[PDB]
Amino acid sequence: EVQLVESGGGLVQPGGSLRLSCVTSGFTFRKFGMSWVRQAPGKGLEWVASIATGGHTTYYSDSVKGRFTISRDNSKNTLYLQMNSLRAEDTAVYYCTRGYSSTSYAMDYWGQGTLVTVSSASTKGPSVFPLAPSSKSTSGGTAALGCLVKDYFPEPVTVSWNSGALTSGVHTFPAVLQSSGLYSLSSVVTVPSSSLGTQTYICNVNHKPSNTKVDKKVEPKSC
């Protein structure tokens, strides 16, 4: 029925510009107010801007005022967001949204969102380091081992174990953004201590932006 489809997002340098578009279907576009709302990674919702049916009357959050411009083309069912002088903290998923009534910007329909990443970092593949099982792993008990996937940009990376054959007990953590502007994450798995000398554990790491594909065998460290 009602669809809102965003496009135009991507990676940009601080100081740079992007223009988002949202193309709508399933309602008479010119009769509705529209808004942009964003969500920074791991954070809540934040309203960015709104525009009235006629496309002249506009509203902005203080965070973006003077840098972002909302506009619409009623003959194309399209909403725009011109984003200038971008900053790292503008990084977020941007959603196109519809005001649910003729007198309110409260949102009923939302697009799937478009990701905007503002960073001066360059594309870089991770180094993958073993998190080796402890030599003190309990006899007949449970051991932990893993892989540290360090210093990559941009998101995302994927990690599997034993080419997808090992899934039980695996925890792959959300990446963290380091002060360097690069990401790191860890993936771990718990396994029987009794398996450490005979079973093979391999983390399969893929970072598509850099064409980095690494398999790291994680084993007890020899002494």
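Throughout, we count residues from 1 along the sequence that is shown.
J.: Regarding 73-81 and 115-123, which shows the higher C-alpha temperature factor on average in the entry?
T.: Per the deposited B-factors, the answer is 115-123.
J.: Should the higher mean CA B-factor in the entry be assigned to 185-193 or to 164-172?
T.: The stretch with the larger mean CA B-factor is 164-172.
J.: By the entry's C-alpha temperature factors, tell me which of 144, 148, 106, 88 sits highest.
T.: 88 has the highest C-alpha B-factor of those listed.
J.: Take the CA temperature factors straight from the PDB entry and tell me which of 39, 53, 63, 50 peaks.
T.: In this record, 63 carries the highest C-alpha B-factor of the candidates.
J.: Relative to the other modelled residues of the same chain, rank the CA B-factor of residue 102 and answer lowest, middle or highest third.
T.: Middle third.
J.: Going by what the PDB entry lists, where does residue 223 fall on CA B-factor within its chain: lowest, middle or highest third?
T.: CA B-factor rank for residue 223: highest third.
J.: State the tercile, meaning the lowest, middle or highest third, of residue 18 with respect to the CA B-factors recorded for its chain.
T.: Answer is highest: the recorded C-alpha B-factor places it there.
J.: Would you mind ranking residue 28 by its C-alpha B-factor against the rest of the chain and naming the third, lowest, middle or highest?
T.: For residue 28, the deposited C-alpha B-factor lands in the middle third.
J.: Where does the C-alpha B-factor of residue 35 rank in its chain, lowest, middle or highest third?
T.: According to the entry, residue 35 has a C-alpha B-factor in the chain's middle third.
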